[PDB]
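Structure, as structure tokens:
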Amino acid sequence: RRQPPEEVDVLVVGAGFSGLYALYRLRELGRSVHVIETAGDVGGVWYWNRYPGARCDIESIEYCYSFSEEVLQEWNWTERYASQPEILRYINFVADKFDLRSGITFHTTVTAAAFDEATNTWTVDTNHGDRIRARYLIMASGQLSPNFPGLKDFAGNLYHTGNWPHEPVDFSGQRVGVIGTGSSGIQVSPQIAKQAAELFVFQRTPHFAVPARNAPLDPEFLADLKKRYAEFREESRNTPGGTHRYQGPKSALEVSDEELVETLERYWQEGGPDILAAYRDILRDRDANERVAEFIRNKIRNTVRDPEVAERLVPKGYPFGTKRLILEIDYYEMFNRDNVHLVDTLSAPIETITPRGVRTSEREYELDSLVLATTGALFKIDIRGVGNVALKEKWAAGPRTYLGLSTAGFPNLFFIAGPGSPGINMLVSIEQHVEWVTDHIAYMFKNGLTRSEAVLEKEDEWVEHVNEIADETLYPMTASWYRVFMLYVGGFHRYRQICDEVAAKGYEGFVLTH
Ligand SMILES: Cc1cc2nc3c(=O)[nH]c(=O)nc-3n(C[C@H](O)[C@H](O)[C@H](O)COP(=O)(O)OP(=O)(O)OC[C@H]3O[C@@H](n4cnc5c(N)ncnc54)[C@H](O)[C@@H]3O)c2cc1C
Ligand SMILES: NC(=O)c1ccc[n+]([C@@H]2O[C@H](COP(=O)([O-])OP(=O)(O)OC[C@H]3O[C@@H](n4cnc5c(N)ncnc54)[C@H](OP(=O)(O)O)[C@@H]3O)[C@@H](O)[C@H]2O)c1
């Protein structure tokens, strides 16, 4: 285990996509920098989520780093949507190429951080009892890094998709339960159904899912892409989603029934999340949302042969696309299998895990294996700022920030891909955040300044601006973003503009002192 240094210019927490780029870029900027990572190796979510079928919902040609010309040319993606093992290979490749592991302490969890106003430095403590002093603290701890009764009593094998075993798990001949039908559950379930004698899928709220239509990547298409890759990326940087996506100019309410079917069916066959932008008002007008939503509901009823099973898979009562759109591969087809059973926990809630399996209010399920398809990381850290106020106390109602990058009362602390989550392609959003944050840190050293803190009045103005954009959309209607709405919905390109304008005006909204 590489022992962390006692002093460093910048301490980064997390060695996923965000933390590795922060370490790389601060090294290029001539700053001392070190990373603390709970995991045993690099990768972030792509290190932890090793379950079968784990796969990204953003095209491989967009979900990648762009800071390195050599990486853009040397690496060859293989499919439309890269699987977790391929993405992990990619990350390890980048870490190898730039010698990043020499600046990372693995198997180590940051537990406390306190700002010393007398020295303008953070004092950072770990679960190993390490004590690191850093002028700046960068939280690259992700936003995606259960309380059932009797969980400890289960006699079979318990697995979590978010911390899957590193050796593959053979479910052949087993009775298996999967709890959770979000992205993890929808991805892992069809893989288990191929091996298991019986598969029970425990579903609470049914989610919207559209086909991925994953396919191998045409290598002559890629070859042509690599010679214009820098241009292709700047186009992505100038979109609201941080990726190439057609912006449908028509309202969903102005076309006929046959045309809506025709346009939406063309998206359905092509696959991917681009259907979110089939019509300009899908996420802004509730009637337009329900019209597209009802098209998807009927595709579900059409794929599942059992009408009673099909209806319980149909999502009802909340808008399409407000929570992040899941791509499915043979998930709805899975319920036509004889060894697959949909368990509706809304009608019969889970009362307790038992030694034998799962008991709902109606039935006991005998299982050999149980799969739990599961401000988080920040709240487990005792971060204390000015006046020793706790970040968790201040962020109780939701995360109050300026630009999603910093919060007043907590100087020299920056969050990467935390609040504001601007683009749906997180790799474009991450690179923009890391570049902005590390440029600011470089600016502070250039000018001899040592303390950077968001102005409270500007933080409030930013919070009220985020809430105001949201009310033009249907996003506020699902409480998964809730008091303080924690998502800038104005689109990546406009968010990038705001950040660039602040930096060009001497970091307006921050107080810079020495
Ligand atoms: C299965 C899955 C699929 C996804 N697919 C997509 C997709 O298709 N598109 C998309 O845009 N996003 C997707 N994401 C979201 C994902 O968060 C981002 O794409 C991106 O990978 C986040 O990178 P990150 O480096 O910021 O955070 P993460 O990859 O979450 O890395 C954070 C790291 O910080 C470490 N850490 C946290 N707290 C501490 C602490 N206290 N001390 C030490 N170390 C700590 C964690 O162990 C973790 O390794 C997906 C996430 C998951 C889990
Ligand atoms: N690109 C990808 O393909 C991919 C893969 C994995 C994760 N992600 C990202 O990471 C985030 C999380 O996704 P996730 O699927 O793993 O989790 P999730 O979307 O939050 O859903 C978890 C599931 O478990 C259920 N559940 C939770 N607690 C329960 C309980 N006590 N009893 C019964 N059921 C319960 C939930 O039902 P309820 O809805 O009723 O709570 C839900 O079906 C997403 O934003 C996603 O974008 C992406």
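Quick note on naming: the chains in the structure tokens go A, B, ... in the order shown, residues restart at 1 in each chain, and ligands are numbered from 1 in order of appearance.
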
So that each row is one residue of chain A with an atom at most 6 Å from ligand 1, can you give its shortest atom pair and the distance in Å to one decimal, using only C-alpha atoms and all ligand atoms, rows by chain and rising number, as JSON lines?
{"residue": "A:13", "atom": "CA", "partner": "ligand 1", "partner_atom_place_in_ligand_line": "44 (N)", "distance": 5.3}
{"residue": "A:14", "atom": "CA", "partner": "ligand 1", "partner_atom_place_in_ligand_line": "34 (O)", "distance": 3.3}
{"residue": "A:15", "atom": "CA", "partner": "ligand 1", "partner_atom_place_in_ligand_line": "49 (O)", "distance": 5.3}
{"residue": "A:16", "atom": "CA", "partner": "ligand 1", "partner_atom_place_in_ligand_line": "25 (O)", "distance": 3.4}
{"residue": "A:17", "atom": "CA", "partner": "ligand 1", "partner_atom_place_in_ligand_line": "25 (O)", "distance": 3.8}
{"residue": "A:18", "atom": "CA", "partner": "ligand 1", "partner_atom_place_in_ligand_line": "25 (O)", "distance": 3.7}
{"residue": "A:19", "atom": "CA", "partner": "ligand 1", "partner_atom_place_in_ligand_line": "25 (O)", "distance": 5.6}
{"residue": "A:36", "atom": "CA", "partner": "ligand 1", "partner_atom_place_in_ligand_line": "43 (C)", "distance": 5.2}
{"residue": "A:37", "atom": "CA", "partner": "ligand 1", "partner_atom_place_in_ligand_line": "44 (N)", "distance": 3.6}
{"residue": "A:38", "atom": "CA", "partner": "ligand 1", "partner_atom_place_in_ligand_line": "44 (N)", "distance": 4.1}
{"residue": "A:39", "atom": "CA", "partner": "ligand 1", "partner_atom_place_in_ligand_line": "47 (O)", "distance": 5.2}
{"residue": "A:44", "atom": "CA", "partner": "ligand 1", "partner_atom_place_in_ligand_line": "29 (O)", "distance": 3.2}
{"residue": "A:45", "atom": "CA", "partner": "ligand 1", "partner_atom_place_in_ligand_line": "29 (O)", "distance": 3.9}
{"residue": "A:49", "atom": "CA", "partner": "ligand 1", "partner_atom_place_in_ligand_line": "1 (C)", "distance": 5.5}
{"residue": "A:54", "atom": "CA", "partner": "ligand 1", "partner_atom_place_in_ligand_line": "1 (C)", "distance": 5.8}
{"residue": "A:56", "atom": "CA", "partner": "ligand 1", "partner_atom_place_in_ligand_line": "8 (O)", "distance": 3.5}
{"residue": "A:57", "atom": "CA", "partner": "ligand 1", "partner_atom_place_in_ligand_line": "8 (O)", "distance": 3.4}
{"residue": "A:58", "atom": "CA", "partner": "ligand 1", "partner_atom_place_in_ligand_line": "8 (O)", "distance": 4.5}
{"residue": "A:108", "atom": "CA", "partner": "ligand 1", "partner_atom_place_in_ligand_line": "43 (C)", "distance": 5.8}
{"residue": "A:109", "atom": "CA", "partner": "ligand 1", "partner_atom_place_in_ligand_line": "42 (N)", "distance": 3.5}
{"residue": "A:110", "atom": "CA", "partner": "ligand 1", "partner_atom_place_in_ligand_line": "42 (N)", "distance": 3.8}
{"residue": "A:111", "atom": "CA", "partner": "ligand 1", "partner_atom_place_in_ligand_line": "41 (N)", "distance": 5.7}
{"residue": "A:140", "atom": "CA", "partner": "ligand 1", "partner_atom_place_in_ligand_line": "26 (O)", "distance": 5.2}
{"residue": "A:141", "atom": "CA", "partner": "ligand 1", "partner_atom_place_in_ligand_line": "34 (O)", "distance": 3.5}
{"residue": "A:142", "atom": "CA", "partner": "ligand 1", "partner_atom_place_in_ligand_line": "27 (O)", "distance": 3.3}
{"residue": "A:143", "atom": "CA", "partner": "ligand 1", "partner_atom_place_in_ligand_line": "30 (O)", "distance": 5.8}
{"residue": "A:144", "atom": "CA", "partner": "ligand 1", "partner_atom_place_in_ligand_line": "30 (O)", "distance": 4.8}
{"residue": "A:145", "atom": "CA", "partner": "ligand 1", "partner_atom_place_in_ligand_line": "30 (O)", "distance": 4.1}
{"residue": "A:377", "atom": "CA", "partner": "ligand 1", "partner_atom_place_in_ligand_line": "38 (N)", "distance": 4.6}
{"residue": "A:381", "atom": "CA", "partner": "ligand 1", "partner_atom_place_in_ligand_line": "41 (N)", "distance": 5.9}
{"residue": "A:417", "atom": "CA", "partner": "ligand 1", "partner_atom_place_in_ligand_line": "26 (O)", "distance": 5.5}
{"residue": "A:424", "atom": "CA", "partner": "ligand 1", "partner_atom_place_in_ligand_line": "11 (O)", "distance": 5.1}
{"residue": "A:425", "atom": "CA", "partner": "ligand 1", "partner_atom_place_in_ligand_line": "11 (O)", "distance": 4.0}
{"residue": "A:426", "atom": "CA", "partner": "ligand 1", "partner_atom_place_in_ligand_line": "11 (O)", "distance": 3.7}

Since we have the selection now, will you write its residues out, keeping N, CA and C atoms, as a CSV table (one decimal), in the first residue's frame?
chain,number,residue,atom,x,y,z
A,13,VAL,N,-10.0,12.9,-3.8
A,13,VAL,CA,-10.7,11.7,-3.3
A,13,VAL,C,-11.4,11.0,-4.4
A,14,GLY,N,-10.9,9.9,-4.8
A,14,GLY,CA,-11.6,9.0,-5.8
A,14,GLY,C,-10.7,8.8,-7.0
A,15,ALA,N,-10.6,7.6,-7.5
A,15,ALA,CA,-9.8,7.3,-8.7
A,15,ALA,C,-10.7,6.7,-9.8
A,16,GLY,N,-11.9,7.2,-10.0
A,16,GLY,CA,-12.7,7.0,-11.1
A,16,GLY,C,-12.2,7.9,-12.3
A,17,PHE,N,-13.1,8.1,-13.3
A,17,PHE,CA,-12.8,8.9,-14.4
A,17,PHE,C,-12.4,10.3,-14.0
A,18,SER,N,-13.1,10.9,-12.9
A,18,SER,CA,-12.9,12.2,-12.5
A,18,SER,C,-11.6,12.4,-11.8
A,19,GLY,N,-11.3,11.6,-10.8
A,19,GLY,CA,-10.1,11.7,-10.0
A,19,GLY,C,-8.8,11.5,-10.8
A,36,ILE,N,-6.8,9.6,-2.9
A,36,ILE,CA,-7.2,8.6,-2.0
A,36,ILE,C,-8.4,7.8,-2.5
A,37,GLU,N,-8.4,6.5,-2.5
A,37,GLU,CA,-9.4,5.7,-3.2
A,37,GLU,C,-9.7,4.5,-2.3
A,38,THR,N,-11.0,4.3,-2.0
A,38,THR,CA,-11.4,3.1,-1.2
A,38,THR,C,-11.1,1.8,-1.9
A,39,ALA,N,-11.3,1.8,-3.2
A,39,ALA,CA,-11.1,0.5,-4.0
A,39,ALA,C,-9.7,0.1,-4.0
A,44,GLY,N,-13.4,3.6,-10.5
A,44,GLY,CA,-14.7,4.2,-10.0
A,44,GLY,C,-15.8,3.2,-10.1
A,45,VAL,N,-16.9,3.6,-10.6
A,45,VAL,CA,-18.1,2.7,-10.8
A,45,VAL,C,-17.7,1.5,-11.7
A,49,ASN,N,-18.7,-2.2,-10.3
A,49,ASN,CA,-19.9,-2.8,-10.8
A,49,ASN,C,-19.6,-3.8,-11.9
A,54,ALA,N,-23.2,-5.5,-17.1
A,54,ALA,CA,-22.9,-4.1,-16.8
A,54,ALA,C,-22.4,-3.4,-18.1
A,56,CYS,N,-22.5,0.6,-20.4
A,56,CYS,CA,-22.8,2.1,-20.4
A,56,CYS,C,-24.0,2.3,-21.3
A,57,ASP,N,-24.7,3.4,-21.0
A,57,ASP,CA,-25.8,3.8,-21.8
A,57,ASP,C,-25.5,5.0,-22.8
A,58,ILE,N,-24.2,5.3,-22.9
A,58,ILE,CA,-23.7,6.3,-23.8
A,58,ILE,C,-22.8,5.7,-24.7
A,108,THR,N,-8.2,2.8,0.9
A,108,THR,CA,-8.2,3.8,1.9
A,108,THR,C,-9.4,4.7,1.7
A,109,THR,N,-10.1,5.0,2.8
A,109,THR,CA,-11.4,5.7,2.8
A,109,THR,C,-11.2,7.0,3.6
A,110,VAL,N,-11.5,8.2,2.9
A,110,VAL,CA,-11.5,9.4,3.6
A,110,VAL,C,-12.7,9.5,4.5
A,111,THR,N,-12.5,9.8,5.8
A,111,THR,CA,-13.6,9.9,6.8
A,111,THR,C,-13.9,11.3,7.3
A,140,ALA,N,-13.7,13.9,-6.0
A,140,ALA,CA,-14.0,13.1,-7.2
A,140,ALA,C,-14.6,11.8,-6.8
A,141,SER,N,-15.5,11.9,-5.8
A,141,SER,CA,-16.1,10.7,-5.1
A,141,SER,C,-17.4,10.2,-5.8
A,142,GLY,N,-17.8,10.8,-6.9
A,142,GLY,CA,-18.9,10.3,-7.6
A,142,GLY,C,-20.2,10.7,-7.0
A,143,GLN,N,-21.3,10.4,-7.7
A,143,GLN,CA,-22.6,10.6,-7.2
A,143,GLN,C,-23.3,9.2,-7.1
A,144,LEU,N,-22.5,8.1,-7.5
A,144,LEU,CA,-23.0,6.8,-7.6
A,144,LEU,C,-22.0,5.8,-7.1
A,145,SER,N,-21.3,6.2,-6.0
A,145,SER,CA,-20.2,5.4,-5.5
A,145,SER,C,-20.7,4.6,-4.3
A,377,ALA,N,-21.6,9.6,-1.1
A,377,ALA,CA,-20.2,9.5,-0.7
A,377,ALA,C,-19.8,10.7,0.3
A,381,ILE,N,-18.6,11.4,4.9
A,381,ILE,CA,-17.4,12.1,5.3
A,381,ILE,C,-17.8,13.2,6.2
A,417,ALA,N,-18.4,16.6,-10.7
A,417,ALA,CA,-19.6,15.8,-11.1
A,417,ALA,C,-20.4,15.5,-9.9
A,424,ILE,N,-25.9,14.7,-20.0
A,424,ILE,CA,-26.1,13.3,-19.7
A,424,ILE,C,-24.9,12.4,-20.1
A,425,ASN,N,-24.0,13.0,-20.9
A,425,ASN,CA,-22.7,12.3,-21.1
A,425,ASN,C,-21.8,12.8,-20.1
A,426,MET,N,-21.6,12.0,-19.0
A,426,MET,CA,-20.8,12.5,-17.9
A,426,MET,C,-19.3,12.7,-18.2

All residues having an atom within 6 Å of ligand 2 (only C-alpha atoms and all ligand atoms) as a list in words:
residues 55, 56, 57, 144, 179, 180, 181, 182, 183, 184, 185, 203, 204, 205, 324, 373 and 374 of chain A

Just the strand (DSSP E) stuff from range 112-276 of chain A, please, per backbone DSSP, written as a ChimeraX atom specification.
/A:112-116,121-126,131-139,157-160,175-179,198-203,209-211

Would you mind telling me which residue in A:187, A:345, A:303, A:478 lies nearest to residue 206 in chain A when using only C-alpha atoms?
A:345

Using DSSP on the backbone coordinates, identify all residues within range 43-143 of chain A classified as alpha helix (DSSP H); present the result as a list in words.
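Matching residues, listed in order: residues 45, 46, 47, 48, 69, 70, 71, 72, 73, 74, 84, 85, 86, 87, 88, 89, 90, 91, 92, 93, 94, 95, 96 and 97 of chain A.
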
Using only C-alpha atoms, which of A:170, A:9, A:382, A:368 sits nearest residue 112 in chain A?
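Nearest to residue 112 in chain A: A:382.
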
Show me, as an NGL selection string, the residues that have an atom within 12 Å of range 21-24 of chain A when counting only C-alpha atoms, minus same-chain residues fewer than 5 positions from it.
:A and (8-16 or 29-36 or 42-43 or 64-68 or 91 or 94-104 or 137-141 or 414-417 or 427-428 or 430-439 or 441)

So that I can check the surroundings of residue 401 in chain A, please list as a ChimeraX atom specification every protein, DNA and RNA residue that reaches within 12 Å of it, counting only C-alpha atoms and ignoring chain neighbours fewer than 3 positions away.
/A:391,394-395,398,404-411,413-415,418-420,453-466,484-488,509-510

Output file for the selection above: N, CA, C and O atoms, as a short mmCIF file (atom, residue, chain, number, x, y, z; two decimals), in the first residue's frame:
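Writing the result to out_33.cif gives the following:
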data_model
loop_
_atom_site.label_atom_id
_atom_site.label_comp_id
_atom_site.auth_asym_id
_atom_site.auth_seq_id
_atom_site.Cartn_x
_atom_site.Cartn_y
_atom_site.Cartn_z
N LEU A 391 -20.90 19.95 6.53
CA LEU A 391 -21.45 20.01 5.18
C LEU A 391 -22.81 19.32 5.11
O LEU A 391 -23.72 19.77 4.39
N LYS A 394 -25.46 21.67 6.40
CA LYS A 394 -25.79 22.71 5.43
C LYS A 394 -26.53 22.13 4.23
O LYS A 394 -27.43 22.77 3.68
N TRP A 395 -26.18 20.91 3.82
CA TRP A 395 -26.79 20.27 2.66
C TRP A 395 -27.98 19.39 3.02
O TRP A 395 -28.36 18.53 2.22
N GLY A 398 -30.80 19.55 0.69
CA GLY A 398 -30.27 19.50 -0.64
C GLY A 398 -28.98 20.29 -0.73
O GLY A 398 -28.71 21.17 0.09
N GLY A 404 -22.39 24.42 -8.76
CA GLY A 404 -22.17 23.02 -8.46
C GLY A 404 -20.75 22.66 -8.11
O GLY A 404 -20.47 21.48 -7.86
N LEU A 405 -19.84 23.63 -8.05
CA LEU A 405 -18.42 23.36 -7.87
C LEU A 405 -17.94 23.62 -6.46
O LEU A 405 -17.01 22.95 -6.00
N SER A 406 -18.55 24.58 -5.76
CA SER A 406 -18.12 24.92 -4.41
C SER A 406 -19.33 25.39 -3.62
O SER A 406 -20.37 25.75 -4.18
N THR A 407 -19.17 25.39 -2.30
CA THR A 407 -20.22 25.84 -1.40
C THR A 407 -19.64 26.82 -0.40
O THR A 407 -18.53 26.63 0.11
N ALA A 408 -20.39 27.90 -0.14
CA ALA A 408 -19.94 28.94 0.78
C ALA A 408 -19.74 28.36 2.17
O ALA A 408 -20.47 27.46 2.61
N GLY A 409 -18.75 28.90 2.88
CA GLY A 409 -18.37 28.38 4.18
C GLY A 409 -17.38 27.23 4.13
O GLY A 409 -16.88 26.83 5.18
N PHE A 410 -17.09 26.69 2.95
CA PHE A 410 -16.18 25.56 2.79
C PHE A 410 -15.14 25.92 1.73
O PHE A 410 -15.26 25.52 0.56
N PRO A 411 -14.11 26.67 2.10
CA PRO A 411 -13.13 27.14 1.11
C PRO A 411 -12.20 26.02 0.66
O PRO A 411 -12.02 25.01 1.33
N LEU A 413 -12.40 23.79 -1.41
CA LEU A 413 -13.05 22.50 -1.60
C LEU A 413 -13.87 22.55 -2.88
O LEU A 413 -14.72 23.43 -3.04
N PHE A 414 -13.62 21.60 -3.79
CA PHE A 414 -14.29 21.57 -5.08
C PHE A 414 -14.88 20.19 -5.34
O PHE A 414 -14.29 19.17 -4.98
N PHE A 415 -16.06 20.17 -5.95
CA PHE A 415 -16.79 18.94 -6.23
C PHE A 415 -16.77 18.70 -7.73
O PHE A 415 -17.17 19.57 -8.51
N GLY A 418 -20.75 16.53 -9.13
CA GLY A 418 -21.50 16.31 -7.89
C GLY A 418 -22.87 16.93 -8.03
O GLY A 418 -23.77 16.25 -8.55
N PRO A 419 -23.07 18.19 -7.65
CA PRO A 419 -24.35 18.86 -7.97
C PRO A 419 -24.32 19.44 -9.38
O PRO A 419 -23.27 19.54 -10.01
N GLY A 420 -25.50 19.83 -9.87
CA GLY A 420 -25.56 20.50 -11.18
C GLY A 420 -25.55 19.50 -12.31
O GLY A 420 -25.99 19.88 -13.41
N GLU A 453 -13.25 30.78 -1.89
CA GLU A 453 -14.51 30.48 -1.24
C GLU A 453 -15.65 31.10 -2.03
O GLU A 453 -15.56 32.25 -2.46
N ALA A 454 -16.72 30.33 -2.22
CA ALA A 454 -17.89 30.84 -2.93
C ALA A 454 -18.60 31.89 -2.10
O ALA A 454 -18.75 31.75 -0.88
N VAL A 455 -19.05 32.96 -2.76
CA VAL A 455 -19.83 34.01 -2.11
C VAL A 455 -21.24 33.48 -1.84
O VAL A 455 -21.93 33.00 -2.75
N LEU A 456 -21.68 33.61 -0.59
CA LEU A 456 -22.99 33.08 -0.19
C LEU A 456 -24.12 33.68 -1.02
O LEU A 456 -25.03 32.97 -1.45
N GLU A 457 -24.09 35.00 -1.23
CA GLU A 457 -25.13 35.65 -2.02
C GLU A 457 -25.17 35.11 -3.45
O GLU A 457 -26.25 34.96 -4.04
N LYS A 458 -24.00 34.81 -4.02
CA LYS A 458 -23.96 34.25 -5.37
C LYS A 458 -24.41 32.80 -5.38
O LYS A 458 -25.04 32.34 -6.34
N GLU A 459 -24.10 32.07 -4.31
CA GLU A 459 -24.60 30.71 -4.16
C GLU A 459 -26.13 30.69 -4.14
O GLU A 459 -26.76 29.88 -4.82
N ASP A 460 -26.73 31.61 -3.38
CA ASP A 460 -28.19 31.70 -3.35
C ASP A 460 -28.74 32.04 -4.72
O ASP A 460 -29.73 31.45 -5.18
N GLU A 461 -28.11 33.00 -5.41
CA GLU A 461 -28.55 33.36 -6.75
C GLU A 461 -28.44 32.16 -7.70
O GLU A 461 -29.31 31.96 -8.55
N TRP A 462 -27.38 31.36 -7.56
CA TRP A 462 -27.25 30.16 -8.37
C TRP A 462 -28.33 29.14 -8.03
O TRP A 462 -28.90 28.51 -8.93
N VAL A 463 -28.62 28.96 -6.74
CA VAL A 463 -29.65 28.01 -6.33
C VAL A 463 -31.01 28.42 -6.89
O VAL A 463 -31.76 27.59 -7.41
N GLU A 464 -31.35 29.71 -6.79
CA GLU A 464 -32.63 30.17 -7.31
C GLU A 464 -32.69 30.09 -8.83
O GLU A 464 -33.77 29.88 -9.39
N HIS A 465 -31.54 30.25 -9.50
CA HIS A 465 -31.52 30.12 -10.95
C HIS A 465 -31.73 28.68 -11.38
O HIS A 465 -32.42 28.41 -12.38
N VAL A 466 -31.15 27.72 -10.65
CA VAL A 466 -31.36 26.31 -10.97
C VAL A 466 -32.83 25.94 -10.82
O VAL A 466 -33.42 25.32 -11.71
N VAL A 484 -34.33 22.05 -2.22
CA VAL A 484 -33.27 22.43 -3.15
C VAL A 484 -33.25 21.41 -4.28
O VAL A 484 -32.85 20.25 -4.09
N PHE A 485 -33.67 21.83 -5.47
CA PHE A 485 -33.56 20.99 -6.66
C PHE A 485 -32.10 20.88 -7.06
O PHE A 485 -31.43 21.89 -7.29
N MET A 486 -31.60 19.65 -7.15
CA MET A 486 -30.17 19.41 -7.29
C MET A 486 -29.79 18.96 -8.70
O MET A 486 -29.13 17.92 -8.87
N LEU A 487 -30.16 19.73 -9.72
CA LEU A 487 -29.82 19.39 -11.09
C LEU A 487 -29.98 20.58 -12.02
O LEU A 487 -31.10 21.02 -12.29
N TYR A 488 -28.87 21.12 -12.51
CA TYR A 488 -28.93 22.13 -13.56
C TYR A 488 -29.39 21.48 -14.85
O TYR A 488 -28.70 20.60 -15.39
N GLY A 509 -17.99 35.68 -8.04
CA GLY A 509 -18.73 34.77 -7.19
C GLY A 509 -17.88 34.03 -6.19
O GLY A 509 -18.43 33.39 -5.29
N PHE A 510 -16.56 34.08 -6.33
CA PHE A 510 -15.63 33.57 -5.34
C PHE A 510 -14.91 34.73 -4.67
O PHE A 510 -14.65 35.77 -5.29
#

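Between CA of residue 106 in chain A and CA of residue 40 in chain A the interatomic distance comes to 5.2 Å.
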
I'd like the contact shell of residue 513 in chain A - 8 Å cut-off, only C-alpha atoms, skipping same-chain residues fewer than 2 positions apart - returned as an NGL selection string.
:A and (449-452 or 511)

Leaving out residue 269 in chain A and any residue of its chain fewer than 3 positions from it, which residues lie within 12 Å of it when counting only C-alpha atoms, given as a ChimeraX atom specification?
/A:210-214,261-266,272-275,299

Between CA of residue 474 in chain A and CA of residue 285 in chain A, what is the spacing in Å?
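Between CA of residue 285 in chain A and CA of residue 474 in chain A the gap is 7.2 Å.
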
Name the residues in contact with residue 114 in chain A at a cut-off of 6 Å, using only C-alpha atoms, excluding same-chain residues fewer than 4 positions from it; report them as a ChimeraX atom specification.
/A:122-123,383-385
